[PDB]
>>> print(open('entry17.cif').read())   # mmCIF, C-alpha atoms
data_upload
#
loop_
_atom_site.group_PDB
_atom_site.id
_atom_site.type_symbol
_atom_site.label_atom_id
_atom_site.label_comp_id
_atom_site.auth_asym_id
_atom_site.auth_seq_id
_atom_site.Cartn_x
_atom_site.Cartn_y
_atom_site.Cartn_z
ATOM 1 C CA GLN J 18 2.888 17.190 -30.899
ATOM 2 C CA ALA J 19 1.479 15.041 -28.134
ATOM 3 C CA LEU J 20 4.194 15.084 -25.462
ATOM 4 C CA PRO J 21 4.680 13.779 -21.922
ATOM 5 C CA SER J 22 5.749 17.372 -21.040
ATOM 6 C CA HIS J 23 2.201 18.616 -21.765
ATOM 7 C CA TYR J 24 1.193 17.016 -18.449
ATOM 8 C CA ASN J 25 3.383 19.619 -16.703
ATOM 9 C CA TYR J 26 3.603 23.386 -16.646
ATOM 10 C CA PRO J 27 6.250 24.731 -19.087
ATOM 11 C CA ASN J 28 9.803 24.072 -17.871
ATOM 12 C CA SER J 29 8.443 22.597 -14.641
ATOM 13 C CA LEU J 30 8.142 19.236 -12.966
ATOM 14 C CA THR J 31 4.827 20.356 -11.499
ATOM 15 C CA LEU J 32 1.769 18.680 -13.002
ATOM 16 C CA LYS J 33 -0.862 20.907 -14.567
ATOM 17 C CA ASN J 34 -3.652 21.125 -11.996
ATOM 18 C CA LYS J 35 -7.026 22.774 -11.500
ATOM 19 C CA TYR J 36 -5.637 25.008 -8.751
ATOM 20 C CA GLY J 37 -3.231 26.806 -11.111
ATOM 21 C CA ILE J 38 -0.453 26.124 -8.569
ATOM 22 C CA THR J 39 3.073 25.836 -9.992
ATOM 23 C CA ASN J 40 4.870 25.589 -6.638
ATOM 24 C CA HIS J 41 5.475 21.878 -6.140
ATOM 25 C CA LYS J 42 5.222 21.816 -2.338
ATOM 26 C CA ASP J 43 2.023 23.916 -2.331
ATOM 27 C CA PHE J 44 0.554 21.795 -5.095
ATOM 28 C CA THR J 45 1.406 18.556 -3.264
ATOM 29 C CA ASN J 46 -0.130 19.802 -0.026
ATOM 30 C CA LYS J 47 -3.381 20.846 -1.664
ATOM 31 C CA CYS J 48 -3.673 17.622 -3.649
ATOM 32 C CA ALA J 49 -2.928 15.604 -0.476
ATOM 33 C CA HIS J 50 -5.722 17.375 1.322
ATOM 34 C CA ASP J 51 -8.321 17.231 -1.453
ATOM 35 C CA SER J 52 -7.654 13.562 -2.029
ATOM 36 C CA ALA J 53 -7.696 12.793 1.700
ATOM 37 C CA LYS J 54 -11.161 14.451 1.982
ATOM 38 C CA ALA J 55 -12.367 12.386 -0.971
ATOM 39 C CA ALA J 56 -10.878 9.192 0.585
ATOM 40 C CA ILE J 57 -12.766 9.545 3.841
ATOM 41 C CA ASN J 58 -16.031 9.906 1.921
ATOM 42 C CA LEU J 59 -15.109 6.905 -0.317
ATOM 43 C CA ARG J 60 -14.344 4.682 2.684
ATOM 44 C CA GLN J 61 -17.936 5.090 3.907
ATOM 45 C CA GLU J 62 -19.521 4.352 0.488
ATOM 46 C CA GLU J 63 -21.204 1.038 -0.279
ATOM 47 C CA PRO J 64 -18.751 -1.145 -2.229
ATOM 48 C CA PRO J 65 -19.624 -2.176 -5.810
ATOM 49 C CA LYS J 66 -21.065 -5.549 -6.824
ATOM 50 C CA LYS J 67 -18.122 -6.150 -9.163
ATOM 51 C CA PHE J 68 -14.570 -5.012 -8.670
ATOM 52 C CA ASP J 69 -12.743 -4.212 -11.852
ATOM 53 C CA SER J 70 -10.740 -1.543 -13.637
ATOM 54 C CA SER J 71 -13.860 0.588 -14.204
ATOM 55 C CA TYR J 72 -14.220 0.811 -10.374
ATOM 56 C CA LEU J 73 -10.505 1.586 -10.068
ATOM 57 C CA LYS J 74 -11.040 4.460 -12.556
ATOM 58 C CA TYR J 75 -14.075 5.665 -10.603
ATOM 59 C CA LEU J 76 -12.042 5.784 -7.399
ATOM 60 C CA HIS J 77 -9.254 7.780 -9.118
ATOM 61 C CA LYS J 78 -11.820 10.202 -10.526
ATOM 62 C CA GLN J 79 -13.403 10.739 -7.077
ATOM 63 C CA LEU J 80 -9.988 11.108 -5.445
ATOM 64 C CA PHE J 81 -8.568 13.569 -7.974
ATOM 65 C CA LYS J 82 -11.452 15.370 -9.733
ATOM 66 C CA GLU J 83 -10.730 18.634 -7.884
ATOM 67 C CA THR J 84 -7.005 18.363 -8.782
ATOM 68 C CA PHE J 85 -6.516 16.980 -12.296
ATOM 69 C CA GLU J 86 -8.420 17.402 -15.508
ATOM 70 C CA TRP J 87 -7.503 13.760 -16.298
ATOM 71 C CA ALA J 88 -8.848 12.233 -13.041
ATOM 72 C CA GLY J 89 -10.235 8.823 -13.904
ATOM 73 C CA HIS J 90 -8.295 8.558 -17.192
ATOM 74 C CA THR J 91 -5.404 6.170 -17.818
ATOM 75 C CA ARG J 92 -1.945 7.335 -18.977
ATOM 76 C CA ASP J 93 -1.675 5.096 -22.011
ATOM 77 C CA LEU J 94 -4.340 7.156 -23.869
ATOM 78 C CA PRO J 95 -3.592 10.697 -25.045
ATOM 79 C CA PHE J 96 -5.287 13.299 -22.891
ATOM 80 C CA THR J 97 -6.365 16.658 -24.265
ATOM 81 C CA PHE J 98 -6.210 19.485 -21.707
ATOM 82 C CA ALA J 99 -8.533 22.492 -21.778
ATOM 83 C CA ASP J 100 -5.539 24.555 -22.951
ATOM 84 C CA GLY J 101 -5.518 22.543 -26.207
ATOM 85 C CA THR J 102 -2.354 20.545 -25.575
ATOM 86 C CA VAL J 103 -2.208 16.792 -25.502
ATOM 87 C CA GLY J 104 -0.299 14.756 -22.946
ATOM 88 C CA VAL J 105 0.896 11.186 -23.382
ATOM 89 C CA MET J 106 2.809 8.113 -22.564
ATOM 90 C CA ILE J 121 5.539 1.915 -11.775
ATOM 91 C CA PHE J 122 6.745 0.235 -15.055
ATOM 92 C CA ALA J 123 4.263 -1.233 -17.672
ATOM 93 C CA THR J 124 4.715 0.652 -20.950
ATOM 94 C CA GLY J 125 2.027 1.611 -23.508
ATOM 95 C CA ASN J 126 -0.452 -1.242 -24.310
ATOM 96 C CA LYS J 127 0.893 -2.966 -21.251
ATOM 97 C CA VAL J 128 -1.442 -0.755 -19.139
ATOM 98 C CA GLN J 129 -4.527 -2.185 -20.846
ATOM 99 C CA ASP J 130 -3.119 -5.727 -20.532
ATOM 100 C CA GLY J 131 -2.478 -5.287 -16.851
ATOM 101 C CA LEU J 132 -5.973 -3.950 -16.217
ATOM 102 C CA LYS J 133 -7.451 -6.829 -18.290
ATOM 103 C CA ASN J 134 -5.516 -9.379 -16.236
ATOM 104 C CA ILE J 135 -6.641 -7.915 -12.931
ATOM 105 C CA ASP J 136 -10.248 -7.929 -14.187
ATOM 106 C CA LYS J 137 -9.924 -11.598 -15.188
ATOM 107 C CA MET J 138 -8.412 -12.519 -11.784
ATOM 108 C CA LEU J 139 -11.288 -10.843 -9.978
ATOM 109 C CA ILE J 140 -13.910 -12.599 -12.078
ATOM 110 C CA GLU J 141 -12.212 -16.006 -11.615
ATOM 111 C CA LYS J 142 -11.901 -15.541 -7.856
ATOM 112 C CA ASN J 143 -15.385 -14.104 -7.198
ATOM 113 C CA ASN J 144 -14.042 -10.679 -6.207
ATOM 114 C CA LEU J 145 -12.021 -12.493 -3.554
ATOM 115 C CA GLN J 146 -15.235 -13.441 -1.677
ATOM 116 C CA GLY J 147 -15.861 -16.896 -0.306
ATOM 117 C CA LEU J 148 -12.196 -17.871 -0.298
ATOM 118 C CA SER J 149 -10.030 -19.428 2.344
ATOM 119 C CA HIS J 150 -7.917 -16.946 4.291
ATOM 120 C CA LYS J 151 -4.753 -18.163 2.504
ATOM 121 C CA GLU J 152 -6.308 -17.722 -0.934
ATOM 122 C CA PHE J 153 -7.649 -14.323 0.020
ATOM 123 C CA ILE J 154 -4.126 -13.195 1.001
ATOM 124 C CA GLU J 155 -2.315 -14.690 -2.092
ATOM 125 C CA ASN J 156 -4.768 -13.066 -4.417
ATOM 126 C CA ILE J 157 -5.092 -9.631 -2.825
ATOM 127 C CA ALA J 158 -1.283 -9.443 -2.700
ATOM 128 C CA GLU J 159 -1.047 -10.425 -6.360
ATOM 129 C CA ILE J 160 -3.633 -7.799 -7.378
ATOM 130 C CA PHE J 161 -1.757 -5.132 -5.434
ATOM 131 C CA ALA J 162 1.508 -6.151 -7.110
ATOM 132 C CA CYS J 163 -0.110 -6.218 -10.588
ATOM 133 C CA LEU J 164 -1.533 -2.735 -9.963
ATOM 134 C CA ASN J 165 1.969 -1.607 -8.934
ATOM 135 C CA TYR J 166 3.452 -2.808 -12.135
ATOM 136 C CA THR J 167 0.560 -1.586 -14.287
ATOM 137 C CA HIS J 168 0.744 2.005 -12.814
ATOM 138 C CA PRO J 169 -2.298 2.926 -14.920
ATOM 139 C CA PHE J 170 -2.592 6.616 -13.923
ATOM 140 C CA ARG J 171 -0.252 9.525 -14.593
ATOM 141 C CA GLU J 172 -0.181 10.115 -10.815
ATOM 142 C CA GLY J 173 -2.151 9.067 -7.717
ATOM 143 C CA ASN J 174 -1.700 5.333 -8.323
ATOM 144 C CA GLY J 175 -0.739 4.501 -4.722
ATOM 145 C CA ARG J 176 -3.724 6.249 -3.093
ATOM 146 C CA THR J 177 -6.114 4.697 -5.607
ATOM 147 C CA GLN J 178 -4.632 1.152 -5.290
ATOM 148 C CA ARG J 179 -4.866 1.294 -1.529
ATOM 149 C CA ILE J 180 -8.497 2.340 -1.422
ATOM 150 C CA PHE J 181 -9.323 -0.253 -4.057
ATOM 151 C CA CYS J 182 -7.775 -2.981 -1.919
ATOM 152 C CA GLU J 183 -9.458 -1.583 1.235
ATOM 153 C CA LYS J 184 -12.852 -1.779 -0.483
ATOM 154 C CA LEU J 185 -12.139 -5.213 -1.879
ATOM 155 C CA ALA J 186 -11.167 -6.457 1.576
ATOM 156 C CA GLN J 187 -14.230 -4.757 3.137
ATOM 157 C CA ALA J 188 -16.601 -6.588 0.728
ATOM 158 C CA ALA J 189 -14.846 -9.837 1.591
ATOM 159 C CA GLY J 190 -15.235 -9.254 5.378
ATOM 160 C CA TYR J 191 -11.782 -7.947 6.298
ATOM 161 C CA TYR J 192 -10.571 -4.566 7.457
ATOM 162 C CA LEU J 193 -7.176 -3.399 6.078
ATOM 163 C CA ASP J 194 -5.106 -0.963 8.054
ATOM 164 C CA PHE J 195 -2.344 0.342 5.852
ATOM 165 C CA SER J 196 -1.285 2.788 8.602
ATOM 166 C CA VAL J 197 0.805 0.044 10.317
ATOM 167 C CA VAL J 198 2.967 -0.569 7.225
ATOM 168 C CA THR J 199 6.251 1.285 7.315
ATOM 169 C CA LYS J 200 7.478 3.078 4.198
ATOM 170 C CA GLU J 201 10.496 0.724 4.169
ATOM 171 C CA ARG J 202 8.278 -2.385 4.384
ATOM 172 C CA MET J 203 6.001 -1.244 1.538
ATOM 173 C CA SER J 204 8.967 -0.305 -0.676
ATOM 174 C CA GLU J 205 10.869 -3.530 -0.102
ATOM 175 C CA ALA J 206 7.741 -5.650 -0.610
ATOM 176 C CA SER J 207 6.861 -3.836 -3.831
ATOM 177 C CA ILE J 208 10.405 -3.937 -5.229
ATOM 178 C CA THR J 209 10.831 -7.631 -4.445
ATOM 179 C CA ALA J 210 7.501 -8.539 -6.065
ATOM 180 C CA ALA J 211 8.368 -6.562 -9.249
ATOM 181 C CA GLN J 212 12.046 -7.422 -9.663
ATOM 182 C CA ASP J 213 12.445 -10.884 -8.164
ATOM 183 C CA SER J 214 8.855 -12.088 -8.732
ATOM 184 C CA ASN J 215 8.734 -12.845 -5.007
ATOM 185 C CA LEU J 216 5.307 -12.186 -3.514
ATOM 186 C CA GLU J 217 6.104 -13.503 0.007
ATOM 187 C CA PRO J 218 6.872 -10.107 1.568
ATOM 188 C CA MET J 219 3.626 -8.723 0.043
ATOM 189 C CA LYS J 220 1.559 -11.640 1.346
ATOM 190 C CA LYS J 221 2.975 -11.188 4.843
ATOM 191 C CA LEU J 222 2.123 -7.449 4.630
ATOM 192 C CA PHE J 223 -1.483 -8.158 3.697
ATOM 193 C CA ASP J 224 -1.724 -10.852 6.398
ATOM 194 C CA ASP J 225 -0.572 -8.429 9.092
ATOM 195 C CA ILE J 226 -2.820 -5.531 8.064
ATOM 196 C CA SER J 227 -5.939 -7.716 7.715
ATOM 197 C CA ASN J 228 -5.518 -9.533 11.041
ATOM 198 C CA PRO J 229 -6.799 -7.266 13.796
ATOM 199 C CA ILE J 230 -4.573 -8.895 16.414
ATOM 200 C CA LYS J 231 -1.413 -8.448 14.336
ATOM 201 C CA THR J 232 -2.465 -4.943 13.274
ATOM 202 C CA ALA J 233 -2.891 -3.946 16.932
ATOM 203 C CA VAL J 234 0.555 -5.338 17.873
ATOM 204 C CA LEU J 235 2.158 -3.273 15.120
ATOM 205 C CA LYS J 236 0.088 -0.217 15.981
ATOM 206 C CA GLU J 237 1.100 -0.275 19.717
ATOM 207 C CA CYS J 238 4.767 -0.520 18.590
ATOM 208 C CA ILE J 239 4.448 2.476 16.234
ATOM 209 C CA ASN J 240 2.695 4.492 18.925
ATOM 210 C CA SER J 241 5.411 3.703 21.481
ATOM 211 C CA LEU J 242 8.700 3.975 19.600
ATOM 212 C CA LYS J 243 9.986 6.715 17.319
ATOM 213 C CA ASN J 244 13.169 4.747 16.603
ATOM 214 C CA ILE J 245 14.182 1.118 16.310
ATOM 215 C CA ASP J 246 17.828 -0.059 16.221
ATOM 216 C CA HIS J 247 19.123 3.524 15.838
ATOM 217 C CA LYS J 248 16.860 4.290 12.890
ATOM 218 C CA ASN J 249 13.547 6.098 12.369
ATOM 219 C CA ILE J 250 10.810 3.444 12.560
ATOM 220 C CA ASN J 251 9.565 4.364 9.053
ATOM 221 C CA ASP J 252 13.030 3.275 7.748
ATOM 222 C CA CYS J 253 12.658 -0.181 9.383
ATOM 223 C CA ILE J 254 10.796 -3.234 8.100
ATOM 224 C CA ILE J 255 8.668 -4.216 11.082
ATOM 225 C CA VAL J 256 6.496 -7.298 10.911
ATOM 226 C CA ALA J 257 4.250 -9.096 13.347
ATOM 227 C CA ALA J 258 5.318 -12.406 14.868
ATOM 228 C CA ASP J 259 3.276 -15.427 13.605
ATOM 229 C CA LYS J 260 1.904 -18.225 15.661
ATOM 230 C CA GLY J 261 4.032 -21.395 15.508
ATOM 231 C CA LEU J 262 7.249 -19.697 14.300
ATOM 232 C CA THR J 263 10.720 -19.689 15.878
ATOM 233 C CA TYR J 264 12.876 -16.617 15.417
ATOM 234 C CA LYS J 265 16.502 -16.067 16.327
ATOM 235 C CA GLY J 266 17.949 -12.599 16.556
ATOM 236 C CA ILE J 267 18.939 -9.664 18.663
ATOM 237 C CA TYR J 268 16.541 -8.120 21.174
ATOM 238 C CA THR J 269 17.115 -4.557 20.086
ATOM 239 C CA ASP J 270 14.170 -2.619 21.478
ATOM 240 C CA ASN J 271 11.274 -2.863 23.879
ATOM 241 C CA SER J 272 7.769 -1.407 23.751
ATOM 242 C CA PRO J 273 5.436 -1.721 26.786
ATOM 243 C CA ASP J 274 3.606 -4.652 25.176
ATOM 244 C CA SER J 275 6.184 -6.180 22.878
ATOM 245 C CA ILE J 276 9.785 -7.034 22.247
ATOM 246 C CA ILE J 277 11.509 -6.189 19.020
ATOM 247 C CA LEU J 278 13.758 -8.922 17.621
ATOM 248 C CA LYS J 279 16.170 -8.076 14.799
ATOM 249 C CA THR J 280 16.543 -10.992 12.412
ATOM 250 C CA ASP J 281 17.742 -11.045 8.732
ATOM 251 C CA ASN J 282 17.709 -7.223 8.690
ATOM 252 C CA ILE J 283 14.049 -7.010 9.683
ATOM 253 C CA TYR J 284 12.303 -6.497 13.050
ATOM 254 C CA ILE J 285 9.829 -8.996 14.407
ATOM 255 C CA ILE J 286 7.396 -7.480 16.873
ATOM 256 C CA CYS J 287 6.436 -10.122 19.378
ATOM 257 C CA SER J 288 3.738 -9.566 22.003
ATOM 258 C CA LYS J 289 4.907 -10.322 25.505
ATOM 259 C CA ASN J 290 1.411 -11.745 25.920
ATOM 260 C CA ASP J 291 2.440 -14.546 23.623
ATOM 261 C CA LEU J 292 5.548 -15.441 25.623
ATOM 262 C CA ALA J 293 5.831 -17.598 28.771
ATOM 263 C CA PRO J 294 7.379 -16.260 32.004
ATOM 264 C CA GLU J 295 10.288 -18.666 31.465
ATOM 265 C CA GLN J 296 10.840 -17.147 27.991
ATOM 266 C CA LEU J 297 10.550 -13.576 29.399
ATOM 267 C CA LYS J 298 13.022 -13.965 32.331
ATOM 268 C CA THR J 299 15.577 -15.214 29.648
ATOM 269 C CA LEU J 300 15.637 -11.911 27.667
ATOM 270 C CA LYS J 301 18.096 -9.047 27.986
ATOM 271 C CA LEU J 302 18.211 -6.029 25.668
ATOM 272 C CA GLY J 303 21.178 -6.359 23.293
ATOM 273 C CA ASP J 304 21.423 -10.157 23.608
ATOM 274 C CA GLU J 305 20.908 -12.721 20.915
ATOM 275 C CA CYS J 306 17.899 -14.864 21.682
ATOM 276 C CA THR J 307 15.569 -17.468 20.263
ATOM 277 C CA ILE J 308 11.818 -17.110 20.631
ATOM 278 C CA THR J 309 9.191 -19.588 19.632
ATOM 279 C CA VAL J 310 5.639 -18.248 19.431
ATOM 280 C CA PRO J 311 3.144 -20.930 20.577
ATOM 281 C CA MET J 312 0.334 -22.259 18.483
#
>>> encode(input="entry17.cif", output="structure tokens")
Amino acid sequence: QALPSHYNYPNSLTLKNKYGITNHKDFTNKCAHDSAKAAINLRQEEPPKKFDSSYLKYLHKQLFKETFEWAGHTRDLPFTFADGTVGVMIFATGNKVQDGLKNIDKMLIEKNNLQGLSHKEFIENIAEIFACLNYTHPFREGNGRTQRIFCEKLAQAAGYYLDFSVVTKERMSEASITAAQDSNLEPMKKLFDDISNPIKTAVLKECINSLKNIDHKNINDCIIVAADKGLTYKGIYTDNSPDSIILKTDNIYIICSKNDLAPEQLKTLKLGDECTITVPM
């Protein structure tokens, strides 16, 4: 019998791995390290001429070849381990993996690997590819690390630098869930806009480096987003970093540089108060 359980050690939720490690914490730590060493080397590599699922598979192989026998292989196809057993079987099921990869490949061909596009089209399309990869979940494990590097490389070849380190866990989760369940890509587009705009990335970075907590919660449990030029926000001034105010609105936190606000606007603000901020264009 091919079985999904043949991916794991007997009676365990630990994946079979080239380290022989059954302890889940120890396994996770070692995999994290091996794949982080591979990632740093991949970041420096020349990007490919064409971005497609074969490059995605290459990245997964490079990231996980020291960890998994199946590095570079997709989960829809049975995989035969060296021990003789065969494994099979975050949501596309079966043939849906191949369809998802096909659709991403078609998108990338049609949009010239996202090169030569307007900024708005670059954002709509990289967000859509990230969401499609989410849904496709083509690998047994390591999808997130592989998707991220793929998008980093894609952005690099198009002239942008992506900094995923300014995205909170809560922001990534809510953006991903909303894209998949409500078909709403707006949170994902805003995420990619922030992390590809060096000014917005720096605003978010200074916030993260200054504050462990926002509004009585760990910052990683808060959706924090950069303020956009031209927008008016109304909410509660809940926290203050040296450079920025933090405005709570519709359950999220807008990080607004004090450099973008006028003295008149600044004198107006008191921590805990409701306020209305317009960011100039």
>>> resolve_selection(input="entry17.cif", expression="the PyMOL selection byres ((chain J and resi 206-223) around 7)", output="VMD selection string")
chain J and resid 154 to 155 158 162 166 202 to 205 224 to 227
>>> residues_around(input="entry17.cif", residues="stretch 188-194 of chain J", least_positions_apart="6", cutoff="8 Å", atoms="only C-alpha atoms", output="compact mmCIF listing (two decimals) with C-alpha atoms, keeping the file's coordinate frame")
# COMPACT_ATOMS: atom_id res chain seq x y z
CA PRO J 64 -18.75 -1.14 -2.23
CA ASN J 144 -14.04 -10.68 -6.21
CA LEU J 145 -12.02 -12.49 -3.55
CA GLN J 146 -15.24 -13.44 -1.68
CA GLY J 147 -15.86 -16.90 -0.31
CA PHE J 223 -1.48 -8.16 3.70
CA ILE J 226 -2.82 -5.53 8.06
CA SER J 227 -5.94 -7.72 7.72
CA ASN J 228 -5.52 -9.53 11.04
CA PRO J 229 -6.80 -7.27 13.80
CA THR J 232 -2.46 -4.94 13.27
>>> atom_distance(input="entry17.cif", atom1="atom CA of residue J:42", atom2="atom CA of residue J:177")
20.8 Å
>>> closest_residue(input="entry17.cif", among="J:171, J:50, J:78, J:60", to="residue J:94", atoms="all atoms listed in the file")
J:171
>>> atom_distance(input="entry17.cif", atom1="atom CA of residue J:40", atom2="atom CA of residue J:25")
11.8 Å
>>> closest_residue(input="entry17.cif", among="J:248, J:168, J:265, J:137", to="residue J:93", atoms="only C-alpha atoms")
J:168
>>> atom_distance(input="entry17.cif", atom1="atom CA of residue J:304", atom2="atom CA of residue J:274")
18.7 Å
>>> residues_around(input="entry17.cif", residues="residue J:260", least_positions_apart="5", cutoff="8 Å", atoms="all atoms listed in the file", output="list in words")
residues 310, 311 and 312 of chain J
>>> decode(input="entry17.cif", residues="stretch 208-243 of chain J", atoms="C-alpha atoms", output="PDB file, in the first residue's frame")
ATOM      1  CA  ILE J 208      -6.830  33.072   4.625  1.00  0.00           C
ATOM      2  CA  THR J 209      -8.777  35.950   3.087  1.00  0.00           C
ATOM      3  CA  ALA J 210      -7.340  35.298  -0.384  1.00  0.00           C
ATOM      4  CA  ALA J 211      -8.198  31.554  -0.173  1.00  0.00           C
ATOM      5  CA  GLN J 212     -11.606  31.680   1.504  1.00  0.00           C
ATOM      6  CA  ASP J 213     -13.136  34.979   0.427  1.00  0.00           C
ATOM      7  CA  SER J 214     -11.250  35.345  -2.885  1.00  0.00           C
ATOM      8  CA  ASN J 215     -10.116  38.751  -1.631  1.00  0.00           C
ATOM      9  CA  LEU J 216      -6.586  39.595  -2.748  1.00  0.00           C
ATOM     10  CA  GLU J 217      -6.522  43.165  -1.328  1.00  0.00           C
ATOM     11  CA  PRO J 218      -4.734  42.295   1.929  1.00  0.00           C
ATOM     12  CA  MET J 219      -2.130  40.310  -0.084  1.00  0.00           C
ATOM     13  CA  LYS J 220      -1.574  43.172  -2.529  1.00  0.00           C
ATOM     14  CA  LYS J 221      -1.068  45.624   0.329  1.00  0.00           C
ATOM     15  CA  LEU J 222       1.448  43.177   1.891  1.00  0.00           C
ATOM     16  CA  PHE J 223       3.464  42.950  -1.313  1.00  0.00           C
ATOM     17  CA  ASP J 224       3.285  46.741  -1.774  1.00  0.00           C
ATOM     18  CA  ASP J 225       4.710  47.355   1.697  1.00  0.00           C
ATOM     19  CA  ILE J 226       7.535  44.810   1.466  1.00  0.00           C
ATOM     20  CA  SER J 227       8.636  45.942  -2.018  1.00  0.00           C
ATOM     21  CA  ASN J 228       8.652  49.673  -1.232  1.00  0.00           C
ATOM     22  CA  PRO J 229      11.871  50.481   0.600  1.00  0.00           C
ATOM     23  CA  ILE J 230      10.338  53.500   2.329  1.00  0.00           C
ATOM     24  CA  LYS J 231       7.364  51.521   3.648  1.00  0.00           C
ATOM     25  CA  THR J 232       9.582  48.552   4.536  1.00  0.00           C
ATOM     26  CA  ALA J 233      11.837  50.835   6.599  1.00  0.00           C
ATOM     27  CA  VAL J 234       8.851  52.361   8.458  1.00  0.00           C
ATOM     28  CA  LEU J 235       7.645  48.889   9.404  1.00  0.00           C
ATOM     29  CA  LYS J 236      11.146  47.734  10.285  1.00  0.00           C
ATOM     30  CA  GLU J 237      11.786  50.696  12.693  1.00  0.00           C
ATOM     31  CA  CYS J 238       8.433  49.882  14.386  1.00  0.00           C
ATOM     32  CA  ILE J 239       9.329  46.190  14.828  1.00  0.00           C
ATOM     33  CA  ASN J 240      12.752  47.111  16.175  1.00  0.00           C
ATOM     34  CA  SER J 241      11.259  49.556  18.689  1.00  0.00           C
ATOM     35  CA  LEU J 242       8.172  47.837  20.082  1.00  0.00           C
ATOM     36  CA  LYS J 243       7.740  44.329  21.449  1.00  0.00           C
TER      37      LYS J 243
END
